[PDB]
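Heads up, the chain below is alone and in the form deposited in one PDB entry; it's given as structure tokens.
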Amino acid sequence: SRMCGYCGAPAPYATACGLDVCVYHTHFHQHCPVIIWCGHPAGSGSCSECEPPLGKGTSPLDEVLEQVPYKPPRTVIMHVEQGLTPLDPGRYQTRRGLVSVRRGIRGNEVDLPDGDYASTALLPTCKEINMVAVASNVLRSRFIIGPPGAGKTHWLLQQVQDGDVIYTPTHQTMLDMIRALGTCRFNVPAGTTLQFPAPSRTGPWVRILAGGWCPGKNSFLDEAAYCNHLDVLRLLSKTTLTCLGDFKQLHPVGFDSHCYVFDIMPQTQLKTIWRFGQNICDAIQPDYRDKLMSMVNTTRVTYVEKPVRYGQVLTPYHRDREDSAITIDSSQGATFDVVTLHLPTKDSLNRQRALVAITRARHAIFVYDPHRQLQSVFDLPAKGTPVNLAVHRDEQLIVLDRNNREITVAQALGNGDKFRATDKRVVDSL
């Protein structure tokens, strides 16, 4: 009992290209013949039963199939003896209608009486297509649109895991992906004119798109805008996809072809951040539609048990300002290397203020939060960095190492010195 590839209804018939169809859809598949009850193709007018004409496609599948040539296969004899035949297992049209050659321990089983039958095999073209699954899986998929510049390649590397599968359209894109991953599984395709490395034993699979679905945990689609539309539908019939694409420019002058599914897929626009690290981007994400990707290093986050004066000090209320400290409201549109979020007063912090305070610093932020009130507004875990930090403190240069100790030496630890301020740079040398 087979179901229709279009609508999922019971399917007694099939297209020559391997699509199971219900009675209704026997007459809306212009791609190739559909042998119906009278033994002729629907709409052929070979007899009076097949005179009603074919209708226009009811599915995007039909539009996709306009670029997929039907090549009629050879008419081959199927020899039958006690329900056994030499022909390969599959599905065939015969004078007794559509029949299946099943694999078995005794042999290739076929439910037909002894004889010889002229047989045309169904092509594999739409053997794995299921448009009700495509619809469902499209909803549970995502299309990651990249930014104008770079970074889209590095998003994938942070997301990919050893159990995952990455589908890619060409030999070259497959090679590009394999080089970017470093360690991955694959089978070098026959006939290729590229120099493929050796495949690893572990890592994500890199599969050529034309090869079709193979099982995995998460499935990705590389170069989505370049991919074969029918192959994409084959995948979406079996799994959901994370589909990677580039920034949509205004080029359409017949210059844009991509699978229709991407225009109805849930979309995620990537945005490059140059001001602070990824850990900050993650904490602030709830306030933004775009997925924020840091194109710079991790911003340090340290939870001090006692007050401190590193970099610019920030605090909600004027009452708690000391020395050259400012309010969080006064810090809007200002940028620093180091910042100290000073929160002595209970219930003094909301989302808006906290968002401003967290997004001022470039390299480090120290948070004095004795009331533990930042937790109730933000998820911001403590993050260290193996770096030698440096900043002024009331007309006096000072430096702190990776373990947040006030060391005053000349490059003793042997770590990097991160700083972007005008005064900190020039004073650093001399």
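For the two forms, the rigid core is made up of the largest set of C-alpha atoms that agree within 1.5 Å on superposition. Only residues modelled in both forms are compared. One-based numbering along the sequence shown.
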*Tell me which of 41 to 49 and 378 to 386 has the higher mean C-alpha B-factor in the deposited entry.*
378 to 386
*asked:* When the Cα temperature factors in the entry are averaged, is it 363 to 371 or 32 to 40 that ends up higher?
replied: 363 to 371
*Which of these, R207, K346, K306, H229, has its C-alpha atom at the highest B-factor, as the entry lists it?*
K306
_Among the choices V80, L139, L122, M177, identify the one whose CA B-factor in the record is greatest._
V80
*Thinking about Cα B factors across the chain, which third does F247 belong to?*
highest
*Would you please rank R91 by its C-alpha temperature factor against the other modelled residues of its chain and give the third it falls in: lowest, middle or highest?*
middle
*Select lowest, middle or highest to describe the third in which the CA B-factor of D111 falls within its chain in this entry.*
highest
*Going by the entry, which third of its chain does the Cα temperature factor of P316 land in?*
lowest
_CA B-factor ranking of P10, expressed as a third of its chain_ = middle
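Although it is not shown, the form deposited in another entry is what the next lines describe.
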*Core-aligned, does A421 move its Cα 2 Å or more between the shown form and the other one?*
yes
*Using the core for the fit, does the CA position of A9 change by 2 Å or more between the shown form and the other one?*
no
*After the core is overlaid between the shown form and the other one, has the C-alpha of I407 moved by 2 angstroms or more?*
yes
*Where do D337 and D423 end up in the other form, Cα atoms closer or farther than shown, with a change of 3 Å or more?*
closer
_Given that the shift is 3 Å or more, do the Cα atoms of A382 and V409 end up closer or farther apart in the other form than in this form?_
closer
*Which parts of the chain move between the shown form and the other one, counting only runs of three or more residues whose C-alpha shifts are all 2 Å or more after core fitting?*
402 to 430
